[PDB]
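The C-alpha cells that follow cover one protein chain in two forms, given apart as structure 1 and structure 2.
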Structure 1
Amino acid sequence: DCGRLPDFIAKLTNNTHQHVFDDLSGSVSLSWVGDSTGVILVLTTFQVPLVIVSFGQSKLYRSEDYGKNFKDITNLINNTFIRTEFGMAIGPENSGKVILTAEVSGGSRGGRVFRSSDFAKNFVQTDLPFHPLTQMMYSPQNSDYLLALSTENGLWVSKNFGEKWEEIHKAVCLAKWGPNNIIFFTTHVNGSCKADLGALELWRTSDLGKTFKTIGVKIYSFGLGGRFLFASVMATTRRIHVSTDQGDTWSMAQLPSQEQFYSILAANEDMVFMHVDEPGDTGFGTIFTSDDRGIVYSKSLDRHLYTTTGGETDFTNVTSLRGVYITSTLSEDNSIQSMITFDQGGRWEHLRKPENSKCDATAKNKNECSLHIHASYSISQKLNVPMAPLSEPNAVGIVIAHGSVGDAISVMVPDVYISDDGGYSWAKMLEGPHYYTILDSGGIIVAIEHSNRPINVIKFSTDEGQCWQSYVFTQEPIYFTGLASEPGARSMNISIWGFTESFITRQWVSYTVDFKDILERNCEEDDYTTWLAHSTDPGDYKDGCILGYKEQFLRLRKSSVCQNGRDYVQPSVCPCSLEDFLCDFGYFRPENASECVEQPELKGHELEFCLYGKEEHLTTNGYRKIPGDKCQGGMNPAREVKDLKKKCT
C-alpha cells in the first residue's frame, strides 16, 4: 500500500516560483531552451490567415533564472507578430538554436526571422526574401541547414542558419529533408498542386540545389521512414514503391494478395510497418511488416482501425520497452480493442484489462470492460484525450496513457492508466483526462487535470506511477494552458502556465516548480524489485526474452521516495521459439492463434514475388526470423528464396 504523508508541501512551496504577465493578448506559448541553461521563452501569437496583411505586435518574455523572473524583450521583435501555426522553431537539444518566424506588422516584401544560436540569450534579425508558407525545417544532419516553402510554392534553402537564403526550385508542392542533408521535393506538371493528383514529379538534390535528379514521375505522394523512401505512383490505380538508395533504384512493394490508401506506421533501420486499407472503403485495414529491404511484406494484423479522413491510427511505439507496439483493431462484433505485440509485429495479443476494475463491478456483460488505449485514432475521432501515450527509453517499462472501457461514458471521459511493464499490465491511476510529463528519466511523473474549471493542483508520483500525491501550487486557480519541463536526463523543473479570468480580461501567469528536495536520498537495493519482460511463448526458459535476448529490469518499490533510479540492467541469448519469427510472405497468424498459416487464396499456387526486376520463388515452412532478433538454437523453420532468372510477372 502507499506511504501516507511523506510531507512534500514545505519542500515544494519554497521551490515554486510564480510570474504574472500583464495584458497579454492572443495565444501564449512557453518553452524551456536548453538543458541547464536557465532560459525560458514566453511568446504571444495570433491566429491570422497567411494571405492576409494585418497589424499586430507579438510579445516576448525571457527568463534566465529558471522561471523566477522574466524580462520583457518585446522590443527585439518590435513591429512584428508570430502566427500561432508557426510558433517557435527550436533546433536540436544541444544546438542552442531558436528561430522566431514572424510577419511584419505593416506588411513587407517577405517575412522576418529572429535567429539565436546561444539558447535564446541573443537574437539577430533577418529579412526573408520571401513569405514562408510553412515553418522552416531544420536538416536532421545539420541544424545550420534550413528549408522553407514560400507562399508562391518556391523552395528556399539556407546554409548558414537562416542568415542567407537562396531559391533552388519553383512550383514545389512538398519538400522534405532526407538523410545526409538530401532534399526530396515534388514539382508541378502544370497549374495547381491540388489538381495534379498522381501527375507530380519527385525530385532529389544532394548538394542543396546545385544539381537535381528526377527520381519519380506520375507521383501521387511520397514519404520517409527509417532508411526507406516511399512513393505512391499512379499507373488509374496506385502502387507503392520503395527505395533504400535515395531514389536511384525503386522496387514495388510486394504484398500477398501497393493499394489505394497506404500509410507508413513506423520504420527504422531494420523493418517497416505498413498499413493498407481494406477493399471498398471501411474503417479498417491491415498491418504488413517487411524485412530490412522494405520490399517483401507479410500479414501482421487484421482489421486495423484508421480514420478515413486523414489516415490516423492508434499505432503506438512503446519506446520504453524494446519490441513493444500497441494499436487498436475492430473485433468481429465491431467492438474496439487494443492489441499489443512484444515481438515487433510477429504476434499480437489482446491488451489485458486491469484486475477487479470498477467496470467489473458494474458490467452487465463481458467484453464491456476491455481496455482501449487512446492514441491518434481516438484523437482524430474527436474524443477527449488531450495526450497520446507517453513513454521514453530511459524510463524502462513506464507507459502513461488515456484509456476507456466499453462504456459510452468512459469513452466520453477517459481516465489515465499506468503500466510499469511496457503495457503488459495496466492500472487506472487518475480519474478523468490529464496532461502529463515524465521527469528525471521516470523518477518523477506529473499530471494536471484537463477540465472546464480552473485548477490549482499538481499530481506527481515518484514510484513510477504507483502512488500519487497532490500539490496545491496556488491559492488562485488558473485555466490550464500548458505544461513544459526542462530537458535533461536528471530533470527536476517544470513550468505550468495559464490564466485567471475574474471578468472578461485574461491575466496570464506561470508557475515553475523544482522537485529537487523531494528525492533526497539515493535508492538502495531494498528499494527495487526485479521483473522480466512478457513473453507469449510458455516456459521459464523464455521469460524475459526480448527478440532473442534475455534481460532483467528493476522497478521502484511502491511508495519509494528516492533518486538514483539505476539504469535498468549481462546479455544472454534465448532458444528460438515461435515468438521469434514473423509469418512469411503469404502466411499469417489468425487472431488468437500462435502458429502461422498460409492465406487460403495462395494455398493452390506457388508463392512468387518481384524483387528489383527479378522474379523470385519462395519455399517456406511459414516463418521468417524477425529482423534484429539475435535468437539461436531451438526452433528453426526453413525458407528459400530462389532466383528464377526471369523478368517480373
Structure 2
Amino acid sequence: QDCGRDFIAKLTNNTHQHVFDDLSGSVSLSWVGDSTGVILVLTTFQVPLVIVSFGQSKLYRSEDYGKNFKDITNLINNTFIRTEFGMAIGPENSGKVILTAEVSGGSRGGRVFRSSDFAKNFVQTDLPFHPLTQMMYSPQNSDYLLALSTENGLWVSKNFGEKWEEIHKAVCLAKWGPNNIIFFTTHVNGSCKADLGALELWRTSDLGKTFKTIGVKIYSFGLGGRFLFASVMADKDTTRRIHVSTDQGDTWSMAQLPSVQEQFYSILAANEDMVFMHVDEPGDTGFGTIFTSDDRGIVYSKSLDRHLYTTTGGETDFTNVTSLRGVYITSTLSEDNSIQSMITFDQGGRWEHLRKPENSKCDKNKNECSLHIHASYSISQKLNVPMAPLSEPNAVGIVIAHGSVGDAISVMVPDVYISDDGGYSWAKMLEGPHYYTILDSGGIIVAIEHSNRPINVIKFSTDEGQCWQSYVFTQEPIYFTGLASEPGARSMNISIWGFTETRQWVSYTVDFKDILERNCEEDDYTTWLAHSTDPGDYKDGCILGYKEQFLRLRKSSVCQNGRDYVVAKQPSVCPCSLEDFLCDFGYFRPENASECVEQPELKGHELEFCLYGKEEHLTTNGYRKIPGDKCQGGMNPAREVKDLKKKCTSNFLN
C-alpha cells in the first residue's frame, strides 16, 4: 500500500470522554448550530401515545464542544420525551430547538421547551393540546410552526411555539408549502382511515384565517420540488391517478403516461425541473417502471424498466447522488432475475449498468462480480445494511455506500464502497457493514463497524475516502449507538456515543484539528471532470449541458482544505448530444442503447395526451430536452405538440 501515514498522538490528546451515569431509555445526542460548541444529550422513552406514564427524561448540555456536560434535567422537570419525537431542531442557522414532552403525571396538554439561541437558554410553554406528531418548521420562516394534535386538530404558532391556535379540527395530514402555505387533508363523519379516497385537500395562506378547497376524493397528497401531488380516487373501481399542480393547487392535471391501467403509482423524487415516477407492473410482481416528466410534471416517458420495489411498503433503491448534479442510482431486475445497480448521469435520460470496481479479481458467472449498491430496497428486504448511500453536495463526487457482489455471503454481509466521481467508479474500502458520516465538506469521512460486539475503533479518511486509517479511541469498547458530526462546512469534530453492559452511557468527541493542522496547498489537489456517457473529449465533464472542473485531494493527503471542490469560475456551455434528451412520450431506450425507439404497442397509433382539459397531438423524432439541461448547439431534434379540437378530462378533483 502507498497510503503512508504518528497520527495517534494527534488524536489521543483530542479525544474527549464523558461518562453519563444512571441513564435509562434511549440516549440521543445532537450538535446544535455551527461553531457554537453546543451538544445536547437527551434520554427518551418508548411509550404509546395514548398512555399516561410516570417518567423523567434526562437532559445534558455541553458548551465546550463535548469536553464537559452539565446536567440540566431540572429544566424539563417532571416531563419525559418520547423516542419517536426526540428533538425538533430547526434550520441550520436558525438557533431554534424545541423539546416536545409530556407531563409525568399526565396533563391536558403537552409541554414544549423552546430555545432560540442554539439551546443555551430554554423557556417552558404548555400546549393546549396533545401533539400526535412532532412540530414542523415552516421552510420560509422558522417562527411559524404547525402540529397535529391527538384529536386531529391542526394547530399553528406564529411566534415560535409560545402561542398556539387551532385552525381546523378534522385534519389527517398537514404539510408546509412555500411562502408559509399550509396544505392539509380533512374529512367529516368518520376517521381518516375510514375516509381514504374521500378526503378533501385544503390550502391556507393566512396561517389559518381563510381556506380554499383545492381537491376532493383525495386518497393522499405530497410535495416535491415545485410540484404538488394528489392521488385521487375517480371511479368507484378504486383506481387511483396522480394529479400534479404547479400553482399551489389552483389548477391540476392528471399524469399522462404512455400506454395506459389499474396500476399503482409512486413519486420517487422531484425537484424544480422534473418528477421521477414509479409505476408498478400489473400483477404486483415486485418490479415496475420509472417515468420522467417534462418541466410541468404532466407528460411522462419511460426512463428505466424493471425497477425493483418492495411489495409491502413500496420502497426502492432509488438514490439521489447529491454530491454530483444529475446523478441517480437504483436497482433493477435483469432478465436472468439477478439484481443490478443502474446509474444515470443525465437525470434519467439514459441509464447504464454500474461499473464493476477495479482490483476486484473475481472473474464463475457474468452476473457475479456485479456491484449492487444497497439502499431502501435492501433496507426493506431486511438486508444487513445500516445506512443508505451517503453523499453531500459540498463534498463533490463523494459517495459512501454499502455494496454486495452476486454471492449470498456478500448479501448477508455487505462491504463499504467509496466513489469519488459521483458513482461512475467504485472501490471496496471497508469490510462489513458500517455507520458512516461525511464532514469538513468531504475532508473527513468517518466509519464505525456495525456488529453485535462492542467497538472501540474509528475508521477515518482525510483524502476523500482513498486512504483509511483506524484510530482506537478508547480501551473500553462500547456497544455503538450513535455517530454525529458537528455542523459546518469546515467542521472537524465528531461525537460517538454508546454504552457498556444496567448500562453505562459514554460519549467520545474526537477533534481532527491536529490531524489536519497543515493547510492544503496547490499540490494537494488534482482536477477532474465529471463522467459523460457520450464519447469524445468535447463533452468530457458536461452535466446537463454545463461543464465545470472539479477538485479532488490527492491520494494520501492529510491537510485541511479551505476552498470549494467546484471551481467558482465561469461554467462553459456544452453542445447538445443524445445524453441531453429524455425519450419523448411513447418512446424508450432499450438496454445499453443511446437512441430512443418507439414503444412497440404504440407504433401505427397517433401519440396523444391530455394537457389541462385539452387533447394534444404529439409529433416527434423521439427525444425531448431534459428539464434543466442548458446545452446549446449540436443535436436539435424537433417535436410538435399541436392542439386538437377534442376536450378530455385531465382533472378528477375540484
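Counting starts at 1 and follows the sequence of structure 1. Heads up, when I say rigid core I mean the largest set of C-alphas that superpose within 1.5 Å between the two forms.
Core-based superposition between the two structures shows that, of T530, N160, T84, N75, only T530 has its Cα displaced by 2 Å or more. We note a C-alpha movement of 0.6 Å at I398 between the two structures, with the rigid core held in register. Taking the core as reference, the C-alpha deviation of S380 between the two structures is 1.4 Å.
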